[PDB]
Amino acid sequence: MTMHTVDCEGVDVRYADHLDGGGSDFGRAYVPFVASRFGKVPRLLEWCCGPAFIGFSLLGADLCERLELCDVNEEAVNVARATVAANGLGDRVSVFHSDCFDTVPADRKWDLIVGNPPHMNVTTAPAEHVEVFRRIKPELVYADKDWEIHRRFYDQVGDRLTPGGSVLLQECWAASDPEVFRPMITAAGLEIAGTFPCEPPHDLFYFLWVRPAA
């Protein structure tokens, strides 16, 4: 109910706790990594954006010319727009309410697609895991039962990438590893170009660099 702000690379990002997925903490890993391995990209998209701590920080550090944001939760889309307006970022940001890419403008393609998705397949996750989040966080924040959100995403993302565009997801060692996603990446016509464990103090997390296969 109450709106807070947290500075994400100069952007005052508006959020509510129950929409917070950790992007203002371990999502901070994104700026140094993207700045070393990609430099500034013209068109960046943050999937599963929520309040877009990650996106706004990439924008705020001048790692993208345009930043676009999309999430399935309409409350997330609206809090994200609020942040656009309160930071005067209207000319450089677009927010889309969509389940993965189902209702994202059909023309839209990106050079880099980042994202802090629901991290855990609650079907197979350890009991101790699921219970820690069932009592703390809305199910939309953490739960990808049978990895189905991931599967729709990877199946759709091929046609959403500009020539030479890549995907760079931030995942959780506790709930997955690269091999878990390899079959759905290969099926979709993509490949794992790299796995980069995040450095301390976010080494619970790793980046997955995916891109269309040869």
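Heads up: residue numbers just count along the shown sequence, starting at 1.
Q: Comparing average C-alpha B factors as deposited, tell me which of 47-55 and 160-168 sits higher.
A: If you average the C-alpha B-factors of 47-55 and of 160-168, the larger mean comes out for 160-168.
Q: Would you mind comparing 99-107 and 76-84 for me and telling me which has the higher average C-alpha temperature factor in the entry?
A: Higher mean C-alpha B-factor in the PDB entry: 99-107.
Q: Which third of the chain holds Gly60 when residues are ordered by C-alpha B factor: lowest, middle or highest?
A: Middle third - that is where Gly60 ends up once the chain's C-alpha B-factors are sorted.
Q: State the tercile, meaning the lowest, middle or highest third, of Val41 with respect to the CA B-factors recorded for its chain.
A: Highest third of the chain for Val41's C-alpha B-factor.
Q: Can you work out whether the C-alpha temperature factor of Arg135 puts it in the lowest, middle or highest third of the chain?
A: Highest third, going by the recorded CA B-factors of the chain.
Q: Split the chain's modelled residues into thirds by Cα B-factor; is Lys145 in the lowest, middle or highest one?
A: Within its chain, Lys145 is a highest-third residue by C-alpha B-factor, going by the deposited values.
Q: Among the modelled residues of its chain, does the C-alpha B-factor of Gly194 lie in the lowest, middle or highest third?
A: Middle third of the chain for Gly194's C-alpha B-factor.
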